[PDB]
Amino acid sequence: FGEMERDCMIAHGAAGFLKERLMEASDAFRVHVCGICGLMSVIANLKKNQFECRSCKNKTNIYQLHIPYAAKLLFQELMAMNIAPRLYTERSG
Amino acid sequence: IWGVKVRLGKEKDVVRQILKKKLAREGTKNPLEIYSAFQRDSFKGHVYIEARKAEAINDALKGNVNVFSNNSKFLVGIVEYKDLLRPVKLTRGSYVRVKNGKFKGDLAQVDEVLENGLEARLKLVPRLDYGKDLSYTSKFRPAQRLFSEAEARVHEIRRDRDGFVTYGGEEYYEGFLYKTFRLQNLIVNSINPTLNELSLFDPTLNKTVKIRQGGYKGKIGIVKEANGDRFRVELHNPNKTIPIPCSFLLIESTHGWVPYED
Amino acid sequence: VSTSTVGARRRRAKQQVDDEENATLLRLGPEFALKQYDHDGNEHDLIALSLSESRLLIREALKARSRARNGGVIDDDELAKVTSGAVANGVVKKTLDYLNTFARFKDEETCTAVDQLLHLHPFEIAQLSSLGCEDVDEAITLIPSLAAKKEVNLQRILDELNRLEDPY
Amino acid sequence: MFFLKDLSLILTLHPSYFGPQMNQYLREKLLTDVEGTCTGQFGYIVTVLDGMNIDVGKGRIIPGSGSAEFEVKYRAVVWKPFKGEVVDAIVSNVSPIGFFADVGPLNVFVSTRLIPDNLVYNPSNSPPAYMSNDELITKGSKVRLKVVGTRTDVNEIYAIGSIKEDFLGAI
Amino acid sequence: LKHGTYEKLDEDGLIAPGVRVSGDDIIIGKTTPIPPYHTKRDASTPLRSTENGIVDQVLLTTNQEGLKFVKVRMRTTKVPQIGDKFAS
Amino acid sequence: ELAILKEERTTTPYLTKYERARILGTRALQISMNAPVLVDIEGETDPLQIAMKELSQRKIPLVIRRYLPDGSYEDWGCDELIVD
Amino acid sequence: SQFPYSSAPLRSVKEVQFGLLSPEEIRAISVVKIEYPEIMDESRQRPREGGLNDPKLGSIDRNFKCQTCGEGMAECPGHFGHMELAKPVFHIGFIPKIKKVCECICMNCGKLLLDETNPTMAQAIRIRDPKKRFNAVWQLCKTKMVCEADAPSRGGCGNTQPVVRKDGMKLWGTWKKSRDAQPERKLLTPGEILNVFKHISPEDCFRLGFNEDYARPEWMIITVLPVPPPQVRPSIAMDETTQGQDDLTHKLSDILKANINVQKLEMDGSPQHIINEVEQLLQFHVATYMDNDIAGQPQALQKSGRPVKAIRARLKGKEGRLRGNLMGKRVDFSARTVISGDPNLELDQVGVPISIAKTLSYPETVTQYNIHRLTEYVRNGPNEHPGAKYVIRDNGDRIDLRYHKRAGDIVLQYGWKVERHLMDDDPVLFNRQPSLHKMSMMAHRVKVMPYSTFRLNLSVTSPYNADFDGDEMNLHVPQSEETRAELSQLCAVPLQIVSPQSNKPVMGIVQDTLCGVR
Amino acid sequence: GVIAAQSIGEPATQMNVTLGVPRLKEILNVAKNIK
Amino acid sequence: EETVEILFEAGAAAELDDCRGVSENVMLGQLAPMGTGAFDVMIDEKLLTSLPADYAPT
DNA sequence: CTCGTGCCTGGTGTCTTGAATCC
DNA sequence: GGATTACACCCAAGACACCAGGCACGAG
RNA sequence: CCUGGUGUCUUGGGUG
Ligand SMILES: [Mg+2]
Ligand SMILES: [Zn+2]
Ligand SMILES: [Zn+2]
Ligand SMILES: [Zn+2]
C-alpha cells in the first residue's frame, strides 16, 4: 500500500478506511506513556497490575496508546540519537 | 626524539630497518645521524627515533614501505622521554583466568610455579566425559564438574595418593584438575568473577488409496487430511486435492485394495 | 482512573518543595489549591468541612438517596446499609460511628448556630472548628499558624463553642 | 480531613446498554465503582453528592469499536489525612511495638520510640490498657495524636503518628 | 520440524523418481546438529508452495570438497488456460 | 462555552455525503453488536440494510458534532437534518 | 481486541513535543549500565550481564521472558540501557549549530554580546519565531568581534573573540591577541566547550532560541549514550545455525572497546600525542554510528568492504523508515492476479477467482438475525465453499478450523466473530498501479467465479487505464462494518461516473460495443 | 487540495515558445531565468 | 525531503507539532480530521427516552 | 622416546597507489 | 559545495583474511 | 494436548 494509494483514499475522503488499513490490518501495537514526561518509559507488568515511570516517580498518571509498530520503532531510533519525542495526549495552546 | 606514524603491525620491522641502515652507513661520508629508534607495544602504529636534526628522521625513513608518506612526524618533549621507556603479578593461592584450550575463560587457582619461572600449576574444575565416546576443542568441550573417581572407576584410572588420581594422563586431586599452563596463557589482571563463580567459589493418513465410486472411480491418491468422515485425497492424476466421503475409498494393504474392514 | 478539573502539570525548570502536604505550612498539594474551579470553569474557594457540617450532609445524602431507592418513603447502623457491597458497607459505617463519637454539635439547630458564628484563609477557619480547645493558650500551641495573625476573638469563639456544647 | 471535591470519571458503555434508562444505569454504575475506594491523589471517597441528579453530558462514540464514552462530572465528599494535622482517634489494637488507631476508614500506627516513657503497657490489668493515675487508654478512649508522615500505596494510604509531643495523649 | 509431510522420503534421505509431490512436501531431508541427547535441527528443503508435479530424476554425487551433493529435478505439464499470454 | 446555541446555528442543514457515510457505518456497527433497533425488521436482515432503513424513516438516535475551524462546534441531531 | 485488557485509560496523541534527552534523564530511564564488549558469557550459552545482550534490555526469543516487565516478546517493547563515555564528545548532527553559538556568546562567561539598548537589536528580540530570532541576533552579533567587559559592566570578561572554523570533526578557533602580531589557534575540545555552556544564564538561554525545559544547549554534547534494546538491532541467521549481528551491534562494540582504552590511558603511559589519537577515534566511532555520510572524509567500512548502515541512513530514502514503512507499507488481506474482461458483468462488479475467495476473509459479528446462517458455514469448514476459517471469542482466542476435529460440537454465542469466506455482493476496493488519480481506486461488488483471472466489465478499463495485455490489479478487503459502509457510500463505481477533473464522464461505451452500436 | 493536485498532474503525464513539461517545470520551480 | 535535517533542527529548537495535519495523524495511525473523520458522533440521550420502558438498561 | 615440521583452528584487525544539470 | 532525478511487481545469483599457536604425526 | 521459526544486503535480467 504505497504513497500513491494513500493519496487516493484522502481524495475519496475515506478517512476511516485509511486508518484501519494502516493499523488493524497490519502492524498495530500498544504502548504505554507517562502522563508527565510523555516518554515511552513505562514498565508495565500486566499480571501484577503495577505500572511505574521511574523517572517521574509516577504510578497514577499513565496512558496507553495504539500506534503503528514501525512508529514505535522510529521513536526508539530517535531516542538512540538523543532526540526526545514526547507524546502528550492533551493540548494547552 | 620524534615520533613517526607507521603501518599497524610493522613497528618492529621499521625499528629493524632503521638499525640496518644505521650500521651500513657507519663511517661512510653520509652516516645516518640517528642514535636510536624504538617501538612500544602499548603505542600501536608509532616508532620513536632519536636524533639531533629533523632531516635525519626523514633520512632514516626514506624509502621505507611501512611508513606513511604524509609528513607526519611529531616532536616529543624532554619531560615525556622517560615515560616512553617505562618497562611496566601472580601469587600462589590467587585466582587467574585461563586464556587457551578447553579451559579458556575458566577461573583457576594458582597452585604453584615452575622453578625456572614460565608455567604455573593451576587448580581447575574439570570438563570431562569419562571416555564415553572414545574409539577436544573449546567450542565442543564438556560442562564443568568436579572429577568423580568412582564414576571413572565404573566407566573407564590410576590411584596416586590420598585423593589423587591420574585419569587419562591428567592429575585430579580432591576433584580438581592440576595442570601446568604457561604464565603467558593466563590472565592475572582485572578479572571479574561471574555470577556462576560467586555461587561456586487415525491409521489411514498418508497411505495410498483407490476410489471405488463416483466420478473419480479408479484413481490413485494419498490421504492428505482425515479430520472426520470427509477425507482430503491428493489425487495423482490432476493437480488437485479433493474433499471426499469415507464410503468411497479402498485402502491398500498386504493383499489388494480393501474396503472399510482394515 | 478518576481525574479532576486540574490538569496538565507539565514540567517546569525550577522544581518546587512547596508541594509536600504539611497542614502547618498550608501546603495542600496541587489538587487542593486555595482557588479551585468547578466543572463549568467558575472560580470557587476550597471547600474544607468541619466535623459538624460533614455529619449533616453525609447523613442527609444517604437518607434522601435511600428514600429515592424506595420510591419516596436517625440511627447510624441503619443508615450504613444503604451502600452496595461489603467493602462499601465497611468504610461508610466506620465513618459515621467515628463521627458519632467525636461530633460535638450533633444536630442542625446547634450546627447552624456554629455555621453563622464562623461564617483570613479558608483552611484555618475550618481547623478551629474541628479541634476543640479551652483557652487561647491551647489553640496557638497545637495549631502554631495562629501565632502571628494579631486578630483573636478566639476566647469568645471557644466560649460559644463550649457553651453550645451539650453535657455528656 | 474532609473536603468537597468536584471529580469526574471516564465511563465506557457497551452498545447493548443503549436504552431509555441509560442515564439511570450510569448513575448506579458511577456509585458502585467510586464509593468506598481510595486514591493517593484525593484520599478516600466517602459519599458522592446528589447522585440521582448527576448530569452526564453526551457520550462520545469511539471510532472503530462502537462503544460510547461518557465523562461523568460529579461532586463527592472526600477524606484525605495530612501530615501535620492533629486528630483524635479510637484505638483498635495495643501491642509491644505501639498501638493501632482507627480514624474513620483507615488505621494509624504509632511506634514505641515516639511514645512517652511513663505510659507503660500493662497486660495483667483487666481489661488491658495503657494506664496512669487519672489517665485511662482503653478501646474507645479519646486520644490526641499528630500525623508526622504519609506513605502512599495508591490503594490504601498509610500514615504514621506520634504522641511524643506536648498536649498529645489521652484527655 | 517443518509442517509438511515427510512420508515420501526413502531411507537414504532422498525422494525417488515417479512420486507426485505437492507444495510444502519435503523432498530432501537434512539435519544439522545443535552445539552444546536430542541434538539435531532440521535443515530440509520443501517444494515451493505454489507448485506440483512429478519427481523426474535425482542426481547423487559429491562436490569438490568431498561432501555429499544432490539435485532433484521436478517436471510438470502446463496446459493453456484463461489468463495465459500469447503473441504473434 | 464552545457550544453554540440552537437558535444561532449557522452550518448547512443538509446531511453531507461524509456525514451520511459515517452515520450509516456507525449505526450498522452498533446493530451488529446487538444494540436495540428502532424500526421493524422484515425480510432485510443485513446490518447495513437495517441501518439504511432507519435513516429513511428519520429514526437514527445520533447527534453530529460539527467542528468549526476555531474549535467551537454546533451539535446537530440526525433527526433534524434534511437528507436528500 | 488483540491486546490483552489493561486498566490504563486509552487516549490518542494530540501533540508531539520534540527535544533533547538530558544526561540525567538518560540514566533515569535506563535499566542497566553497559561496560563489556564481549557479547557472550564465554560462548557457553546465556549472554553476559552488563554486556550488549544483557537480558534486562529485553527478549527477542520466544522462550525467555523479560526480566523487567514479565511480558512475552510480542508485547515487550524493550528497555533502554546507557553507556557512560569517559570523555564528552560532539554530536555529529549539531556541530554547525554549536559553531553558530560560539560566535554569539563570550568564550569565557557565555553572555549574549548585545543588549536591548541597541535599537536594531531591540527590534530583533521581538521576532516571534525562535529560529528567525536566533538568526537575526547572530546576524547582528557576528560583526561584534570582542566581548566587551563594559557596556557600549554587562558581565563581560573583556576578551576578544575568536573566529571559529570547522575542520571535519574538529573546531578551530583563532584568537587575535592584542598592529598585526602572531595569533595562536588552539583546538576547542568538547570538554572545554561543555563547561562554558553550563554557565549560560537562563535569560540568555531563552534569547538564543533554546528552551530551558526541553532543549538546553549543553545537551548537544554527548556524555552518556543511550543503548537501544535488541528490537532495534535484531540478529539474523544466515544459514540456520550461523548468526551474524546487526551493523549497529558491531558498531556499538567498537565504541565500547574504544571507550575502555580511554580509561586505560589517563592512569599510566600517555605520550600525549597518543591521547589525541585515541580520543579523536572515539569521536569518530560515535559520529559514524549516527551518520556515516559525513562530507569530506572516508566512510566507516565493514570488513566485507561495504559501508556501515548508520542510523541516519536508516531513515532516509525510498526504503527507509519514513518513506518505506510509515508513509506506505505492506498490508494484509490483499490479492493480485492478471485481469480479463467480461461484458456480461454489471459495471460495478468484479469477478473473483474461487481460490482467492477461499483465502481472503471478513470477520462477521454473530447476531440473532444471522446465527443460524453462520452455523452452516462453520460445518462446511475451510475447504468447502461457502465456508469459514476461524471463530473468535470475545477474549481473542482463535479456533483454527483446519485442525479442529470436533467442529460439529461448536455452539456460537452472540458477540463472537466468524471469519467467513468472501461471498457475493461483499464490497472490495480494487486498484491498479500507478494510482495517478482518484478513480484508480473504486469499490466493486464481488462475484465469485471459476478460473484464476479478475474479471472487469469492459467499460471500467478507461479510468484504470487498464487493458488485458498482461496487466495485474490489486484487491483489498475491508475488515469491519464501518469500512464496508464507507466503501459502498463514497467510493462505489456509479458515484465515480462523472469526474471533477473536467466536469464530464470518464467512462463510456468502448471498443467492440462502440464499433457495433454505430 | 489532493483533487487539485491529481487534476493538474494527470494530463501532464500524457503530454517559438516553450510548452509541455519543460515549461510546466519552470512555473512550479519559479525559476528566476526562464528559457 | 531533507528528512533527517528537519528532525535534528526540530529537536534543537524544541518544536511543537499540534497534530492537525492529515500526514501527522496517518503516520501515527489515528483518525484524521478529513471526510468521515471531520466531526464527532454523539449519542442522543433525549431521543432514546421516547422508546418503551421494557427496553431499559438495568 | 623425543624433537621438529606441518596443518588446522581461533582470534584479532587493513592499505601498493588508482554524470549531469540546477539552486 | 550536495540534492534531485515514476510506480509497482517477478525471479535467479552470491557471502573475511592473515597470522600465530598448539597439537599431532613422522622420522631419526 | 493446546502453541508452532527459516535470512539478509546487493547486483543483474524482466513485466505494465
Ligand atoms: Mg498493459
Ligand atoms: Zn515520566
Ligand atoms: Zn520488557
Ligand atoms: Zn566572559
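Within region D:72-81, does at least one residue satisfy the condition of being closer than 30 Å to F:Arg22 by Cβ and either buried (at least 20 other Cβ atoms within 10 Å of the Cβ) or more than 7 Å from every other protein chain (Cβ to nearest Cβ) (or both)? Give the steps one after another, and end with the answer.
First, the residues of region D:72-81 that are closer than 30 Å to F:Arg22 by Cβ: D:72-73.
Add one more test, that the residue is either buried (at least 20 other Cβ atoms within 10 Å of the Cβ) or more than 7 Å from every other protein chain (Cβ to nearest Cβ) (or both), and what stays is D:72.
The answer is yes, given that some residue of region D:72-81 is closer than 30 Å to F:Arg22 by Cβ and either buried (at least 20 other Cβ atoms within 10 Å of the Cβ) or more than 7 Å from every other protein chain (Cβ to nearest Cβ) (or both).
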Report task. Return yes when G:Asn344 is under 40 Å from the mean Cα position of the chain (by Cα), away from chain F (no Cβ under 14 Å) and surrounded by fewer than 17 Cβ atoms within 10 Å (Cβ to Cβ) and no when it is not. Result -> no
Report task. Name the single residue, out of those in region I:32-58 being assigned to a helix (DSSP H, G or I) and touching a helix residue (DSSP H, G or I) at 6+ places or on another chain (Cβ under 7 Å), that is surrounded by the most Cβ atoms within 10 Å (Cβ to Cβ). Result -> I:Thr36
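Quick grid of which residues meet (1) farther than 20 Å from A:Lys48 by Cβ; (2) surrounded by fewer than 16 Cβ atoms within 10 Å (Cβ to Cβ); (3) facing another protein chain (nearest Cβ under 7 Å); (4) over 21 Å from the mean Cα position of the chain (by Cα):
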| position | (1), (2), (3), (4) |
| --- | --- |
| G:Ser22 | yes, no, no, yes |
| G:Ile34 | yes, no, no, yes |
| G:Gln45 | yes, yes, no, yes |
| G:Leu57 | yes, no, no, no |
| G:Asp61 | yes, yes, no, yes |
| G:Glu71 | no, no, yes, yes |
| G:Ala74 | no, yes, no, no |
Query raised in the report: Can you tell me which residue in region E:8-53 is farthest from G:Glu240 (Cα to Cα), limited to those that are outside any loop (DSSP other than H, G, I, E, B) and small (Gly, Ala, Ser)?
Result: E:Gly53
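Looking only at residues that are away from chain C (no Cβ under 14 Å), in contact with a strand residue (DSSP E or B) (Cβ under 6 Å, 6 or more places away or on another chain) and not in a loop (DSSP other than H, G, I, E, B) in region D:122-143, which one is surrounded by the fewest Cβ atoms within 10 Å (Cβ to Cβ)? Step through it out loud before you land on a result.
Of region D:122-143, the ones away from chain C (no Cβ under 14 Å) are D:122-137.
Checking which are in contact with a strand residue (DSSP E or B) (Cβ under 6 Å, 6 or more places away or on another chain) leaves us with D:122, D:129-131, D:135, D:137.
Going one step further and asking which of them are not in a loop (DSSP other than H, G, I, E, B), we end up with D:122, D:129-131, D:137.
Details: D:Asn122: 12, D:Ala129: 18, D:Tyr130: 23, D:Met131: 15, D:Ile137: 19.
Within region D:122-143, the match that is surrounded by the fewest Cβ atoms within 10 Å (Cβ to Cβ) is D:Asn122.
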Requested in this report: Could you grab me the full set of residues in region C:130-156 that are of a type in the set (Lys, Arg) and in a loop (DSSP other than H, G, I, E, B)?
Outcome: C:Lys150
Query - Sole residue being among the acidic types (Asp, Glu) and within 11 Å of chain I (Cβ to nearest Cβ), chosen from A:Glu52, A:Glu77 - result: A:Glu77
Requested in this report: Within region G:236-264, count every residue that is surrounded by 13 or more Cβ atoms within 10 Å (Cβ to Cβ) and either closer than 22 Å to G:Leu301 by Cβ or aromatic (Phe, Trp, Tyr) (or both).
Outcome: 16
Query raised in the report: How many residues, within region C:10-40, are more than 22 Å from the chain's Cα centre (by Cα) and within 11 Å of chain D (Cβ to nearest Cβ)?
Result: 1
Report task. Working carefully through the options A:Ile10, A:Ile67, find the one that is of a type in the set (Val, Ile, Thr), facing another protein chain (nearest Cβ under 7 Å), more than 14 Å from the chain's Cα centre (by Cα) and buried (at least 19 other Cβ atoms within 10 Å of the Cβ). Result -> A:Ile10
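One line per residue, one yes/no per condition, for (1) away from ligand 3 (no atom under 16 Å from the Cβ); (2) over 36 Å from the mean Cα position of the chain (by Cα); (3) farther than 22 Å from G:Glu376 by Cβ:
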residue	(1), (2), (3)
G:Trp416	yes, no, no
G:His421	yes, no, no
G:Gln433	yes, no, yes
G:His437	yes, no, yes
G:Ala443	yes, no, yes
G:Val460	yes, yes, yes
G:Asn474	yes, no, yes
G:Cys491	yes, no, yes
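Listed here are the residues, each with its yes/no results for (1) in a loop (DSSP other than H, G, I, E, B); (2) surrounded by fewer than 16 Cβ atoms within 10 Å (Cβ to Cβ).
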position	(1), (2)
C:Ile58	no, no
C:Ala61	no, no
C:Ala64	no, yes
C:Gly72	yes, yes
C:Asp77	no, yes
C:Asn89	no, yes
C:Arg104	yes, no
C:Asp115	no, no
C:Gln127	no, no
**Report entry** Odd one out for D:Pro63 among (1) over 26 Å from D:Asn155 (Cα atoms); (2) within 14 Å of chain C (Cβ to nearest Cβ)
**Finding:** (2)
Query raised in the report: So G:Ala310 clears everything in (1) more than 14 Å from chain A (Cβ to nearest Cβ); (2) away from DNA strand K (no atom under 11 Å from the Cβ) except one condition, right? Which one?
Result: (1)
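Can you tell me which of G:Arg379, G:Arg402, G:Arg420, G:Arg445 is more than 14 Å from chain A (Cβ to nearest Cβ), within 30 Å of H:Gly9 (Cα to Cα) and either in contact with a strand residue (DSSP E or B) (Cβ under 8 Å, 6 or more places away or on another chain) or away from ligand 1 (no atom under 16 Å from the Cβ) (or both)? Steps first, answer last, please.
Numbers: G:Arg379 fails: within 30 Å of H:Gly9 (Cα to Cα); G:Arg402 fails: within 30 Å of H:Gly9 (Cα to Cα); G:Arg420 fails: within 30 Å of H:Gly9 (Cα to Cα).
Unique residue meeting the criteria: G:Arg445.
Looking at this structure, is G:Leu326 in contact with a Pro (Cβ under 9 Å, 6 or more places away or on another chain) and surrounded by fewer than 17 Cβ atoms within 10 Å (Cβ to Cβ)? Show your work before the answer.
Working: in contact with a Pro (Cβ under 9 Å, 6 or more places away or on another chain): yes; surrounded by fewer than 17 Cβ atoms within 10 Å (Cβ to Cβ): no.
Here the answer is no, as G:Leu326 does not meet what is asked.
Let's see how each residue does on (1) over 15 Å from the mean Cα position of the chain (by Cα); (2) buried (at least 19 other Cβ atoms within 10 Å of the Cβ):
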position: A:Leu18; (1), (2): yes, yes
position: A:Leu22; (1), (2): no, yes
position: A:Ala25; (1), (2): yes, yes
position: A:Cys37; (1), (2): no, yes
position: A:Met40; (1), (2): no, yes
position: A:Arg54; (1), (2): yes, no
position: A:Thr60; (1), (2): yes, no
Report summary line: Every listed condition ((1) surrounded by 11 or more Cβ atoms within 10 Å (Cβ to Cβ); (2) under 33 Å from the mean Cα position of the chain (by Cα); (3) within 13 Å of chain G (Cβ to nearest Cβ)) holds for B:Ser72 save (2)
Report task. Would you be able to tell me the number of residues in region I:1-31 that are in a loop (DSSP other than H, G, I, E, B), under 25 Å from the mean Cα position of the chain (by Cα) and within 8 Å of another protein chain (Cβ to nearest Cβ)? Result -> 8
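Mind telling me which of the residues F:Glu74, F:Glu44, F:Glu7, F:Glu80 ends up being within 14 Å of chain G (Cβ to nearest Cβ) and of a type in the set (D, E, K, R)?
Values: F:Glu74 fails: within 14 Å of chain G (Cβ to nearest Cβ); F:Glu7 fails: within 14 Å of chain G (Cβ to nearest Cβ); F:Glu80 fails: within 14 Å of chain G (Cβ to nearest Cβ).
Exactly one of F:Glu74, F:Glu44, F:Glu7, F:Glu80 is within 14 Å of chain G (Cβ to nearest Cβ) and of a type in the set (D, E, K, R), namely F:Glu44.
Bear in mind that the values in this text are calculations on the coordinates, not laboratory data. Cβ coordinates were reconstructed from backbone atoms using ideal geometry, including for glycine residues, and neighbour counts include every protein chain displayed.
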